[PDB]
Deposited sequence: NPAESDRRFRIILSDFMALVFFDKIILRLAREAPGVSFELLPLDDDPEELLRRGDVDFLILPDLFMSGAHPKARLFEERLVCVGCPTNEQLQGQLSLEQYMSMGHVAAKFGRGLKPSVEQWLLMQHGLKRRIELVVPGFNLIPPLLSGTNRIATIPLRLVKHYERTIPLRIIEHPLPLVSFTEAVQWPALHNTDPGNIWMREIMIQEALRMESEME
């Protein structure tokens, strides 16, 4: 906790904003010499996990392979959202109506792996999750995104949750580390801190 180690983490802009922010906050107190490079999700993360060029990979666990140690962070529900200004979004929407509307969707980098949800007519593609609410605001487009993201934006961008009529989908966000680092003291320390925070979040 008195180190000057630089950790490298691969994660979504969503996970950076809604979760890792807690880590940076806490450690700015508990370990003020520890630094971070947050890397964008784009290429197979495995290549970097096998070589040990990254300390951590945060991803929903369905997208990880079984060749590195991983740990459950928390459950994330996927909801369908729209702009309060949208008329059709007033009332209940039929799965048929969903597939009849214009969609905003996130494509991470070169789109190696697919969005947990994805056919819909996508009229807006963006490099992450976080730009989706602002670029959706004021149009008749809908999107499907983490429920923790909609809450982060509650006081900033009002969003109408319309998923109530469609399938209930939830994934479990998780953290993975290289097996070559399973006994690194820095790695176990950061690991345990991340899991602590994720449990706090599971309570919410």
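Comparing the deposited sequence with the modelled residues shows gaps at 1-2, 121-128, 215-216, with numbering starting at 1.
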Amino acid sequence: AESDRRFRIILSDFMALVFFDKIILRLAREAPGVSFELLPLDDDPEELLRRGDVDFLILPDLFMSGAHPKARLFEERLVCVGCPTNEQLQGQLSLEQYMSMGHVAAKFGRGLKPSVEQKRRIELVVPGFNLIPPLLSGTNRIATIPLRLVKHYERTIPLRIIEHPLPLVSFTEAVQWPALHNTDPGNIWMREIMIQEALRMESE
From here on, numbers count along this sequence of modelled residues.
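When the mean C-alpha temperature factors of 131-139 and 27-35 are read from the deposited coordinates, 27-35 comes out higher. According to the PDB record, 179-187 carries the higher mean C-alpha B-factor of the two stretches 179-187 and 11-19. Split the chain's modelled residues into thirds by C-alpha temperature factor. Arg121 is in the middle one.
Among all modelled residues in this chain, the alpha-carbon of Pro146 has a temperature factor (C-alpha) in the lowest third. Sort the modelled residues of the chain by CA B factor and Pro40 lands in the lowest third. In the PDB entry, a CA B factor belonging to the lowest third of its chain's modelled residues is recorded for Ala105. The PDB entry assigns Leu112 a C-alpha temperature factor belonging to the highest third of its chain's modelled residues.
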